[PDB]
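Worksheet: the structure to be examined is printed underneath.
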Amino acid sequence: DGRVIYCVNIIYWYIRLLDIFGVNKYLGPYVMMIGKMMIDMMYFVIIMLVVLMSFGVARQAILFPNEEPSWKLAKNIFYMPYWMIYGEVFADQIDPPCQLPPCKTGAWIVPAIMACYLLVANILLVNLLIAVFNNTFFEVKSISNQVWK
Amino acid sequence: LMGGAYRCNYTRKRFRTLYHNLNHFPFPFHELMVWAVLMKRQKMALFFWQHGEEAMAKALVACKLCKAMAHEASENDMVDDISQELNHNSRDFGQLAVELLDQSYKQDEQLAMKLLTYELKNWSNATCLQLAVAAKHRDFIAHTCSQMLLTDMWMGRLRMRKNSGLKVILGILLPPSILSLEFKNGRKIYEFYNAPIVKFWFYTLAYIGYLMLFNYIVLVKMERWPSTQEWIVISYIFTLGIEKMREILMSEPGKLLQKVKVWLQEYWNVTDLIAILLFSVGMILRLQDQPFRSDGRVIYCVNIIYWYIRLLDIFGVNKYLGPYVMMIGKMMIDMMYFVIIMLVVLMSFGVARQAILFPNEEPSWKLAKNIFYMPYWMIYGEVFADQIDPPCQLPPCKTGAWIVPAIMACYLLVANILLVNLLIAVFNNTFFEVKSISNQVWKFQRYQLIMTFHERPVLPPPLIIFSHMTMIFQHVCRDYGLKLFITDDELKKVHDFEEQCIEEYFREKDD
Ligand SMILES: CCCCCCCC(=O)OC[C@H](COP(=O)(O)O[C@@H]1[C@H](O)[C@H](O)[C@@H](OP(=O)(O)O)[C@H](OP(=O)(O)O)[C@H]1O)OC(=O)CCCCCCC
Ligand SMILES: CCCCCCCC(=O)OC[C@H](COP(=O)(O)O[C@@H]1[C@H](O)[C@H](O)[C@@H](OP(=O)(O)O)[C@H](OP(=O)(O)O)[C@H]1O)OC(=O)CCCCCCC
Ligand SMILES: COCC(CCO[C@H]1CC[C@@]2(C)C(=CC[C@H]3[C@@H]4C[C@@H]5O[C@]6(CC[C@@H](C)CO6)[C@@H](C)[C@@H]5[C@@]4(C)CC[C@@H]32)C1)COC
Ligand code: NA
């Protein structure tokens with residue numbers, strides 16, 4: 001357990017190098033820009049979290065209808081729908097090819113919900129976030145320069 | 001022309017009895033300005049506007065009348081210059097009203113707030129805010145003074161303004177903590193539990209609890225008879241349905257087919273009705289044998305999708321999330337325009353690949369699946385080298401199998417480098433106007449939020465059945481927030497302040 005605490009504590013001392021980088025004339029302003037875009041990214045990540053939870057609950061309820069109540073249920077809701085939007089989309093881990101295994105009732109809805117979810121989470125929200133970063137950048141740049149100086 | 005709830009002074013029985021056997025007018029300039037604005041004489045109306053009293057009410061009524069007359073002229077296929085003239089008049093009167101409000105707020109804030117909410121006895125008892133809302137004057141409601149008034153109305157009779165929310169949550173979760181809260185100058189509980197913000201937080205906590213219960217009965221196994229949580233969810237939806245029915249039957253018009261068509265104007269109500277009906281169908285199909293039980297489970301899952309999505313309506317109360325929701329609403333239209341082109345290209349590539357690779361397929365419904373499945377999952381990072389263009393001991397090679405990777409290269413280049421980047425450009429270069437319009441619309445709809453929360457009963461929908469049965473008892477038998485009745489001395493002071501304000505405005509503009 002102490003080794004684990006060490007391995008988690010090393011991350012902060014790695015991140016603290018940005019405070020050392022702040023002495024530069026071109027890196028400090030970018031660090032402060034990151035600081036403000038973190039707030040913007042949180043505000044635009046709450047909505048994505050809502051949509052992700054919805055799709056995960058739908059898939060987990062449709063595919064597995066005979067699950068005993070266990071803490072592992074809270075893992076399948078967040079695991080796969082979060083790894084899915086980062087390029088790890090699979091065709092067998094979701095909507096399995098139901099000699100052949102029996103077919104769960106309503107298994108044909110999961111790919112359609114997945115298509116809608118991918119369209120609304122990889123084409124709409126991230127592009128809107130890019131627009132928000134782009135159209136609120138000059139003021140942040142000027143304020144960051146003033147604050148660093 | 002004015003609207004539904006309006007009742008002009010001429011049609012009242014007092015004036016009808018006066019006119020049956022035949023005096024003067026108390027305020028003549030009201031009648032003269034109504035005449036000048038009905039006969040499409042603009043300069044005379046502007047001259048009559050600055051005389052008399054209740055100038056802001058006259059400006060708002062003129063704006064609404066001009067807009068309604070423009071709509072009527074456009075509907076009756078007139079010369080189509082009359083519509084432009086009437087719209088110009090409406091915009092001029094709206095601008096005058098906004099300027100007068102700005103001057104009044106910049107002179108004295110308290111009298112400016114008192115001016116916007118006193119009952120107007122000459123205009124069928126409507127405050128200035130209601131007249132502005134009926135005219136859809138977005139700039140008037142979105143002003144600083146109106147927003148401050150709406151905030152003071154929404155906060156209720158409390159006095160917490162440095163940091164709210166957490167205090168209200170702690171009060172509603174710990175009832176012995178309510179008393180240690182300052183108020184505005186036994187009876188300190190009825191005032192706390194009737195502030196609109198407290199009703200909103202009660203409703204939000206009830207909704208979160210309902211969603212927590214809904215996410216438990218679909219993940220775990222289901223049984224022949226519903227468990228306790230399923231009964232709680234069903235009771236919640238039933239009470240929500242009867243609350244919607246009560247809301248419909250307590251509308252403004254008097255016709256059943258007219259109240260319904262004005263209640264079906266916000267898409268949230270329509271979607272709520274659809275979801276309630278679908279859940280009712282699912283629950284009816286649920287209390288059956290195994291296949292219908294499975295179908296009811298599926299309907300429960302889809303309804304859970306909808307109720308999860310409906311949390312953005314709760315999120316809209318924030319000062320920074322509502323505008324982003326509306327921006328999403330408009331970028332959805334833009335994305336819908338581009339998805340048609342993307343789908344055309346996708347269908348083309350899918351048909352070409354499916355026809356090239358498999359030349360001995362019997363006609364089956366599975367053909368419509370291979371066209372859309374793989375070419376759609378391909379542009380989301382799942383590009384494979386063996387699932388498409390297989391390595392044809394070695395299997396035989398289909399004729400023309402070497403075209404599929406080339407068509408795929410062209411399709412990926414045109415669907416991941418061109419169309420999505422053009423969509424990013426479209427989002428980026430049409431963002432400032434959408435942002436400004438979204439801010440204006442949210443600041444305008446804060447009033448509707450405040451009113452619809454002031455109208456609602458105290459109890460949340462899970463236990464609203466007690467407040468509905470008290471409606472029956474009180475049937476067989478607006479002090480503030482909507483209007484503010486005042487005496488004659490206060491009325492005279494308000495009139496004098498308004499005259500001083502309008503005179504100063506005209507003098508400053510001329511200077
Ligand atoms: C992992 C790294 C962790 C430590 C990173 C530590 C963080 C870090 O990167 O510090 C950079 C440090 C700062 O030095 P500093 O900014 O004070 O020096 C400026 C720099 O020399 C500019 O080139 C000068 O002209 P200009 O501005 O171009 O016009 C400028 O003159 P002026 O314009 O003001 O008149 C100088 O002031 O030195 C370096 O720049 C590179 C040599 C580093 C060599 C050492 C590399 C290790
Ligand atoms: C899953 C979540 C579903 C429910 C989400 C429910 C949706 C939701 O998020 O509501 C937020 C709610 C709204 O409160 P509200 O906006 O009315 O309160 C404003 C807020 O306190 C600002 O910080 C104030 O200053 P500023 O604007 O910064 O200058 C502002 O004063 P002013 O500027 O007007 O004079 C206040 O009006 O409270 C919170 O803000 C966070 C505490 C929430 C604590 C409770 C968290 C549960
Ligand atoms: C390993 O075996 C575990 C066993 C104890 C099992 O108890 C069960 C009690 C219900 C509980 C805690 C369990 C699994 C799903 C859990 C759901 C996940 C949901 O997530 C949330 C996620 C986020 C919310 C927005 C929606 O709901 C919950 C309302 C929901 C939630 C926490 C309700 C609670 C459920 C475990 C050990 O005992 C010996
Ligand atoms: Na990718």
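Scheme for the structure tokens: letters A, B, ... for chains in order shown; per-chain residue numbers from 1; ligand numbers from 1 in order shown.
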
Per residue of chain B within 12 Å of ligand 2, which atom pair is closest and at what distance in Å (one decimal), using only C-alpha atoms and all ligand atoms, listed by chain and increasing number, as a Markdown table?
| residue | atom | partner | partner_atom_place_in_ligand_line | distance |
| --- | --- | --- | --- | --- |
| B:144 | CA | ligand 2 | 34 (O) | 11.2 |
| B:147 | CA | ligand 2 | 34 (O) | 9.2 |
| B:148 | CA | ligand 2 | 34 (O) | 8.4 |
| B:149 | CA | ligand 2 | 34 (O) | 11.4 |
| B:150 | CA | ligand 2 | 34 (O) | 10.5 |
| B:151 | CA | ligand 2 | 34 (O) | 7.4 |
| B:152 | CA | ligand 2 | 34 (O) | 10.0 |
| B:154 | CA | ligand 2 | 17 (O) | 9.0 |
| B:155 | CA | ligand 2 | 17 (O) | 8.6 |
| B:160 | CA | ligand 2 | 36 (C) | 9.8 |
| B:161 | CA | ligand 2 | 31 (O) | 6.6 |
| B:162 | CA | ligand 2 | 31 (O) | 6.8 |
| B:163 | CA | ligand 2 | 21 (O) | 5.1 |
| B:164 | CA | ligand 2 | 21 (O) | 5.5 |
| B:165 | CA | ligand 2 | 38 (O) | 4.9 |
| B:166 | CA | ligand 2 | 44 (C) | 5.5 |
| B:167 | CA | ligand 2 | 44 (C) | 9.1 |
| B:168 | CA | ligand 2 | 44 (C) | 9.2 |
| B:169 | CA | ligand 2 | 45 (C) | 7.3 |
| B:170 | CA | ligand 2 | 45 (C) | 10.0 |
| B:196 | CA | ligand 2 | 17 (O) | 11.2 |
| B:197 | CA | ligand 2 | 17 (O) | 8.1 |
| B:198 | CA | ligand 2 | 17 (O) | 11.1 |
| B:200 | CA | ligand 2 | 6 (C) | 9.4 |
| B:201 | CA | ligand 2 | 6 (C) | 8.1 |
| B:202 | CA | ligand 2 | 4 (C) | 10.9 |
| B:203 | CA | ligand 2 | 4 (C) | 10.1 |
| B:204 | CA | ligand 2 | 4 (C) | 6.3 |
| B:205 | CA | ligand 2 | 4 (C) | 7.7 |
| B:206 | CA | ligand 2 | 4 (C) | 10.5 |
| B:207 | CA | ligand 2 | 3 (C) | 8.8 |
| B:208 | CA | ligand 2 | 3 (C) | 7.0 |
| B:209 | CA | ligand 2 | 3 (C) | 10.6 |
| B:211 | CA | ligand 2 | 1 (C) | 10.4 |
| B:212 | CA | ligand 2 | 1 (C) | 11.0 |
| B:308 | CA | ligand 2 | 1 (C) | 10.4 |
| B:309 | CA | ligand 2 | 1 (C) | 11.7 |
| B:310 | CA | ligand 2 | 3 (C) | 10.8 |
| B:311 | CA | ligand 2 | 3 (C) | 7.0 |
| B:312 | CA | ligand 2 | 7 (C) | 8.5 |
| B:313 | CA | ligand 2 | 7 (C) | 8.9 |
| B:314 | CA | ligand 2 | 7 (C) | 5.7 |
| B:315 | CA | ligand 2 | 7 (C) | 4.1 |
| B:316 | CA | ligand 2 | 7 (C) | 6.8 |
| B:317 | CA | ligand 2 | 10 (O) | 5.9 |
| B:318 | CA | ligand 2 | 16 (O) | 4.7 |
| B:319 | CA | ligand 2 | 16 (O) | 5.5 |
| B:320 | CA | ligand 2 | 16 (O) | 8.3 |
| B:321 | CA | ligand 2 | 9 (O) | 8.0 |
| B:322 | CA | ligand 2 | 7 (C) | 9.8 |
| B:443 | CA | ligand 2 | 34 (O) | 11.8 |
| B:446 | CA | ligand 2 | 17 (O) | 10.9 |
| B:450 | CA | ligand 2 | 17 (O) | 11.6 |

Interface list for chain A, partner chain B, 9 Å threshold, only C-alpha atoms, as number ranges by chain: A: 43-44, 47, 50-51, 53-55, 57-62, 64-70, 73, 85-91, 105-106, 111, 115, 118, 120, 122-125, 127-128, 130-132, 134-135

Which of stretch 43-120 of chain A fall in alpha helix (DSSP H), as a ChimeraX atom specification: /A:43-63,73-76,79-84,110-119

Selected residue, from B:225, B:365, B:268, B:25, that lies nearest to residue B:244 when counting only C-alpha atoms: B:268

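Among the candidates B:471, B:135, B:213, B:392, the one nearest to ligand 3 when counting only C-alpha atoms and all ligand atoms is B:213.
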